[PDB]
Amino acid sequence: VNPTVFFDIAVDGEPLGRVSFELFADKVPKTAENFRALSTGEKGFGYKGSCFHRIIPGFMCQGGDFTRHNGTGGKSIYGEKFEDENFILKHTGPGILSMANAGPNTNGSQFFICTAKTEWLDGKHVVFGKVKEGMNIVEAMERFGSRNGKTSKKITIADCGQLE
Numbered sequence: 002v003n004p005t006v007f008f009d010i011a012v013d014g015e016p017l018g019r020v021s022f023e024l025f026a027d028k029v030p031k032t033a034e035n036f037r038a039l040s041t042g043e044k045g046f047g048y049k050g051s052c053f054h055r056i057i058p059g060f061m062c063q064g065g066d067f068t069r070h071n072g073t074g075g076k077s078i079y080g081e082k083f084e085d086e087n088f089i090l091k092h093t094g095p096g097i098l099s100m101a102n103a104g105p106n107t108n109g110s111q112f113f114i115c116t117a118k119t120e121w122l123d124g125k126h127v128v129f130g131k132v133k134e135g136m137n138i139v140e141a142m143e144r145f146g147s148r149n150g151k152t153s154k155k156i157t158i159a160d161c162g163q164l165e
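For the entry's author numbering, add 1 to where a residue sits in the sequence shown, where the first one is 1.
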C-alpha cells in the first residue's frame, strides 16, 4: 500500500539511470504525500527538471530545490512550509530518504538521500522513505560531489513519477 516513486537521473544531460523509492505513507502520511505529489507533478509544480545541488561523498545527496536550484528555495504542496510529522523512522544507513529543513517545522520540498548512517540527524529531520531500487545509481551520483558539496557535473531529475 506504500506508494513507490521513481527518478530518472541525468549527468550533464546524459542518462545515468533510475532510482526508485518506497514512501512510508503508513507511518508519515503528510510527508510521504508531499513527496509523492511533487514527483508526479499533479499540482502543477514539482521535481521534474530540478537538480541535486549539494552532494557530499560518504554523507548524502541533497535535492528538491525546484524554484531556486541552489538550496534557498523549494515549496511544499500545502501552500506553506509544514510541520515535522514525527520522528518514528531513524537514519539507519545508506538509502534513507529524509526531509531537509531550516529548523523545526520548516519542511518544504528539499530532501536528501543518505549514503551512510547519519545518527546525528535523528530527531531533527523527518525520515519518510528509502531507496528501493537503484542504490547503485545514487552511488554513481555521489562520485560527482565534493567535500564542500559542489557538484562537478550537473545532476538532474530528467523525469519522475509514480510506479505501479
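Where a beta carbon is used, it is the ideal one built from N, C-alpha and C, also for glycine.
query	result
Between the CA atoms of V127 and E23 - distance to the nearest angstrom	15 Å
Simplified DSSP assignment, three categories, for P30	helix
Span of the beta strand (DSSP E), counted from its first residue to its last, around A11	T5 to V12
Pick from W121, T119, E120 and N102 that is closest to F112, judged by C-alpha positions	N102
Alpha-carbon to alpha-carbon, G124 and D9	30 Å
Residues bridged to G64 [DSSP beta-bridge criterion]	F53 and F112
Classification of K131 by the beta-carbon crowding that lies within 10 angstroms, buried from 16 upward	buried
Burial state of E143, where buried means 16 or more other Cβ atoms lie within 10 Å	buried
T32, buried or exposed, once every other Cβ within 10 Å from all chains shown has been counted against 16	buried
Residue from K49, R55, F7 and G42 whose Cα sits closest to the Cα of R148	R55
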